[PDB]
């Protein structure tokens, strides 16, 4: 009975130290998964046999430590790959190779334990796909786990693994992290390779980033050191750090110019008071730490007109993704293979011209510029809530096949919009953004606090995150699912 609440670094040490065996840790983890996962449906594709095989051969700073992979974008050789598409799940399709991410983790000593749930093609901010069923929150089984990397977020929150992979296009790593009370990082655009495959139309024109889940800031730093770097064909790239993140995390950044946002600058909905208060509390802690904290934010955040352009790009991305998956199994996918919301985008995609698509991408670049100018002006970090509302109940965000969306993502309207309004701007700017599990709602649901740093500055981000982790430690808290 190993203490699975220890982070990856600690679990790696227990093995290295010899205090516990690789098979002990793995088997202890597998047992825990078999007992807890049925209740939350986080891990949809178990890979225990592979995990056991890799465990014997594993070597590195994290040899023997298990990890979970989202069933989207990145793939593992010879394993089921559904992307939560009904037609794909039924085909029994299996990937033919390892994504660079997977190779890097294995070389580091990690053992692939399985794949986590996600909405179809990661097209929702909740994880309730028709193909695998809903993933439930370890903190409250009747609540959503956010999305699209909801499976990985819940898995880490329930200790099914100390760390996990996920991707973020509108906040898909940060959102589930906030909702599930774990640390979720969307690094600088181009930091982590999603290759060798080229998916989602150049990863949604760069808006889609591979990201990381963990329960400690040091685990994130170590993960970055493992999966970062330019790989062949990678479209985007990030500025190079001078030293490994595992090392720089303890450096003192000194007093930084910090801006705090505790209201919705767009003014189209009220920021939940509890979400705002969590960010406010974090800002206060930073002020006590000696940082120059002020109420300020990039003026560009007051405008979300770019989301329309982003939606158009997403329509094309999903449409072509449906095509790519069809080619994988050898037959075109039909309206009967995917969810209605996904097929809707296929229709909309047909109305998009080449010039229109190009114009939408330019809109993203221009908005990214307006956002980054705030940091250019001297500001170092922006602190704001990761999400803007209380966590929705299961079934709340999934719309009936008869809903009148009308020319726009279902995740970009009403209840879903409030989940991603404070995260999507940074998918566009490409700046590193991390969600820290610093808050809790009055009814016991995790509330994440987001920190955003300048393009390429994960070093400063992790440094300040480590400071907040020390000032407002969250490790003491555990979901009810774990008693």
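Positions refer to the first chain, counted from 1.
Undergrad: Once you work out the mean C-alpha B-factor for both 369 to 377 and 395 to 403 from the entry, which is higher?
TA: That would be 395 to 403.
Undergrad: On average, which has the higher Cα B-factor in the deposited entry, 173 to 181 or 309 to 317?
TA: Of 309 to 317 and 173 to 181, the stretch with the higher C-alpha B-factor average is 309 to 317.
Undergrad: Can you tell me which of 452, 436, 421, 57 has the maximum CA B-factor listed in the PDB entry?
TA: Highest C-alpha B-factor among the listed options: 57.
Undergrad: Of 20, 475, 462, 468, which one's C-alpha B factor is largest in the deposited record?
TA: Among 20, 475, 462, 468, the highest C-alpha B-factor in the entry belongs to 20.
Undergrad: Going by the CA temperature factor in the PDB record, which third of the chain does residue 145 belong to: lowest, middle or highest?
TA: Ranked within chain, residue 145 CA B lands in the lowest tercile.
Undergrad: Residue 248's Cα B-factor: lowest, middle or highest third of the chain?
TA: Within its chain, residue 248 is a highest-third residue by C-alpha B-factor, going by the deposited values.
Undergrad: Sort the modelled residues of this chain by their C-alpha B factor and say whether residue 429 lands in the lowest, middle or highest third.
TA: For residue 429, whose C-alpha B-factor we compare with every modelled residue in the chain, the answer is the lowest third.
Undergrad: Within this chain's modelled residues, let me know which third the CA B factor of residue 45 belongs to: lowest, middle or highest.
TA: As the PDB entry reports it, the C-alpha B-factor of residue 45 lands in the highest third of its chain.
Undergrad: Against its chain's modelled residues, does residue 27's Cα B factor rank lowest, middle or highest third?
TA: Highest third - that is where residue 27 ends up once the chain's C-alpha B-factors are sorted.
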